[PDB]
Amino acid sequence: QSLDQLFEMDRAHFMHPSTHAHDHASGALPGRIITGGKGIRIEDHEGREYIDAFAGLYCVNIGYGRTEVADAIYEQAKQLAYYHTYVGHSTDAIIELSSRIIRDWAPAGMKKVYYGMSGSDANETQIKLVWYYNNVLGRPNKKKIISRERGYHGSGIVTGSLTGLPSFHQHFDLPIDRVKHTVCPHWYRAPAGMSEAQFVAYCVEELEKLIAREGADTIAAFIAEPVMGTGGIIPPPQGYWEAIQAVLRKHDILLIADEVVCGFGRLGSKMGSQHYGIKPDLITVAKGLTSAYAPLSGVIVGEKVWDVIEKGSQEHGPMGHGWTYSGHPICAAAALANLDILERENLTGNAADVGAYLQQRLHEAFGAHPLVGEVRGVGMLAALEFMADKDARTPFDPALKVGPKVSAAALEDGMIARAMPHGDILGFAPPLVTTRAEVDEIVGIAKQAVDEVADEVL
């Protein structure tokens, strides 16, 4: 089939994620076929090469074109592509991976891993487990989940409700009643004169107000990304995690750390949890677990929740929870090879070194740029938020599309960096193998794109 015929077929029959249905089907939103990639660069159907400074979707962490991973997938696919893991059934691969995640990657006190294929299905599992936990403890009212504005936790009904971005709610009747949202902890948005310490105290106060209005005895869990990804690459304030953890413990509220982005080296630590001294009861992982070489997700269950699960089985029989492809062998094999690479090449270390360099170069290139309100980031995540008035923190009129224009201009100049949703924000999440030189290339292209758009709109 020619390219023209493939695009006709695409328009006619492929319903994409996150794609304007009509503009795509009409051709107004042009199709792009990705044919290949190597290291941090991908190739399209025009044969153009791009620096992928977003690593797919914060996920191709070990870089593109790893033959080592393809081989491991292939070997498992030949020997045993699939059997179920129901009623105590396993492969060696899924057992090895479970012990490796717990010992080498998860924070202290984690016990068990339950597998799915997506961050969304994993957070769905979390809410089932938290509801089960309270039901078997005889606390039928303790069921509400607290999330945060701009949080991203997936794209289902329950998980889209946890998500705090309106595009995942619009025309889906979300959020459901059991989900409540507290504030986005983004100090850049605080009122004039409010210090970072006061802002944390405000975030605390707001959470306490929520808990008091709803009733602590009705709240089962709090879910949060250590650093918000999709909501704009928003690091937490200094002291936030310490203060928030104390509030949740005081009220006997479970803490679910959503590590879908931060997990497996992204911040220059094992996970966001170690990075920020967070001690969660439950942990969600995906993306960097396999570097997206195969789909896999994990729910990592702490001792406290595991012990109640285990006791609940004694009283009530087996928990009614499973996915046909839970523990999928080829996906486990991809994860093992991915972990081997992360460890052998010390990509956690490289994320720390090169990530610090990325923050430094972005602050130098953009800290005084008239288009840029805030440069922010941690480890191998960064962002530029564009603002019309930098002193007053006044956004551009949304219809000017400043974030998307910067992203489109960078793409044209040979780099993929994403216009983040619900604002004007250029986001960076490059592969964890990115070098210092590649950062300079990335920042250089970003500067051309930002300069180009500033000329048009300023």
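Residue numbers here begin at 1 and follow the sequence given.
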query: Stretch exceeding the other in mean C-alpha B-factor - 399-407, 54-62; finding: 399-407
query: 364-372 or 263-271, whichever carries the higher mean Cα B-factor; finding: 364-372
query: Among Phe222, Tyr276, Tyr133, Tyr188 - the residue whose C-alpha B-factor is largest in the record; finding: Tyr188
query: Selection from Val285, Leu336, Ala292, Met110 [criterion: highest C-alpha temperature factor in the record]; finding: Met110
query: Position of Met420 among the chain's modelled residues by C-alpha B-factor, lowest, middle or highest third; finding: highest
query: For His16, the third of its chain into which the C-alpha B factor falls; finding: lowest
query: Third of chain Cα B-factors occupied by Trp241; finding: middle
query: Position of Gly47 among the chain's modelled residues by C-alpha B-factor, lowest, middle or highest third; finding: middle
query: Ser161, C-alpha B-factor rank within chain (lowest, middle or highest third); finding: lowest
